[PDB]
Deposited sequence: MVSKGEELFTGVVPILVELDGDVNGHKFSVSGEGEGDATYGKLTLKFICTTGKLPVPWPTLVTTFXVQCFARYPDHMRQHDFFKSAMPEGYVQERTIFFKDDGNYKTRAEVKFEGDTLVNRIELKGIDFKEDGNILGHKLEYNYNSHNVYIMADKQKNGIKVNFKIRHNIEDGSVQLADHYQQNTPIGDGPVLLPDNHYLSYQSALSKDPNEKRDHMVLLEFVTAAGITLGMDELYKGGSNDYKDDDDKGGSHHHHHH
């Protein structure tokens, strides 16, 4: 049978993202809009910095900016924690350690508001070098493909997730961003606790040629794998 959580994702779903951030005291807010098509694991989003210039590189926010849109193969449906938590939603927490630099801590609540899937986020960054790759804006506007590793966290009725992002620096080098993540349901109902598996991501960043505000257009594809 198709679960209630699954049923909410069979078509194209509008997405709204709202983020308030503060990195080394540089405060900023971002709004995003677009749509997700989980059947194809496809996300299309545009983000706008509503407070002016973004004080960090857009690529460092890609992972923060709705894993319920991953394409889970039919044979892995019992391992899709994200959709099983819907519509009441889940809380996603991360610490992101930028190697030889600062860290972001994020807390996001992801849930439906009517037909819209909403991701509301607070991000706090500390201990950045004011002339490092982040605050010094030395990261290229591009993005590599990565795997994201998921395991059950039964004692917390959720999942633990880990992965490494490599951001290309403008000199040809790499800025590593080590991600540690936990998700927990917002409601008190049952969820699916997965066997170990991963999501495969590929992301493309672009600009809207007609947009004068600081912004990022994101096209992302996400597919679950690792269990056959």
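Visitor: Missing C-alpha stretches, by deposited numbering?
Guide: Missing C-alpha atoms (numbering from 1) occur across the ranges 66, 230-258.
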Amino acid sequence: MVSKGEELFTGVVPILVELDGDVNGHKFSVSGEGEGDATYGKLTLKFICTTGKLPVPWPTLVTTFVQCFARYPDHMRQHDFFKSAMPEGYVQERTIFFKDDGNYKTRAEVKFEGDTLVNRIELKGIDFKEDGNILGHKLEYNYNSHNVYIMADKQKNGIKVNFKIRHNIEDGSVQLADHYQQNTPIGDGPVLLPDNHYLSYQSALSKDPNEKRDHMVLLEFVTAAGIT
From here on, numbers count along this sequence of modelled residues.
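Visitor: With respect to the recorded C-alpha B factors, which stretch has the higher mean value, 106-114 or 145-153?
Guide: Taking the mean C-alpha B-factor of 106-114 and of 145-153, the larger value falls to 145-153.
Visitor: Would you mind comparing 22-30 and 192-200 for me and telling me which has the higher average C-alpha temperature factor in the entry?
Guide: Taking the mean B-factor of the alpha carbons in each, 192-200 is higher.
Visitor: Between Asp80, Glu93, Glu140, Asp127, which one tops the list for C-alpha B-factor in the PDB entry?
Guide: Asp80 has the highest C-alpha B-factor of those listed.
Visitor: Can you tell me which of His75, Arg71, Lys99, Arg120 has the highest Cα temperature factor in the record?
Guide: Going by the entry's C-alpha B-factors, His75 comes out highest.
Visitor: Would you mind ranking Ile134 by its C-alpha B-factor against the rest of the chain and naming the third, lowest, middle or highest?
Guide: Within its chain, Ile134 is a lowest-third residue by C-alpha B-factor, going by the deposited values.
Visitor: Would you please rank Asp178 by its C-alpha temperature factor against the other modelled residues of its chain and give the third it falls in: lowest, middle or highest?
Guide: Bottom third by C-alpha B-factor.
Visitor: Classify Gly172 as lowest, middle or highest third according to the C-alpha B-factor given in the PDB entry, relative to its own chain.
Guide: Ranked within chain, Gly172 CA B lands in the highest tercile.
Visitor: Going by the entry, which third of its chain does the Cα temperature factor of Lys46 land in?
Guide: Tercile = lowest for this residue's CA B-factor.
Visitor: Consider only the C-alpha atoms of the modelled residues in this chain, order them by B-factor as the entry records it, and name the third containing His215: lowest, middle or highest.
Guide: CA B-factor rank for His215: lowest third.
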